[PDB]
């Protein structure tokens, strides 16, 4: 199983973009799927996440503007980004997390290769 993101590019401040990630294996077993972003010279940060049962959460900075959704039947995760501004410029990564129900805690993580998003002012 591999995660492959598409949908990146340039947007004008105020504009919209939809990112997609296709997983090459089933995703039903992922406890959480989500989107991270990494801007120049900064640490990678959570943007949005969603459980298998469709409960979502968002970073304070994107609340209202971004919507994450998940289709276990299409093995896909999406990020609708509205009202973009230059502060949203970054490489965006899709993430998937799988956790045990027994034993010591751990997380098996999967990552896509990332897609560049550039917002013009």
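Numbering follows the first chain given and starts at 1.
task = Tell me which of 89-97 and 70-78 has the higher mean C-alpha B-factor in the deposited entry.
result = Per the PDB entry, the higher value belongs to 70-78.
task = For the higher mean C-alpha B factor in the entry, choose 48-56 or 79-87.
result = It is 79-87 that shows the higher mean C-alpha B-factor.
request  = Please place residue 31 in the lowest, middle or highest third of its chain by C-alpha B factor as given in the entry.
outcome  = Lowest third, going by the recorded CA B-factors of the chain.
request  = Please rank the C-alpha B-factors of the chain's modelled residues and tell me whether residue 21 sits in the lowest, middle or highest third.
outcome  = For residue 21, the deposited C-alpha B-factor lands in the middle third.
Residue 103 - which third its CA temperature factor falls in, relative to the rest of the chain = Tercile = lowest for this residue's CA B-factor.
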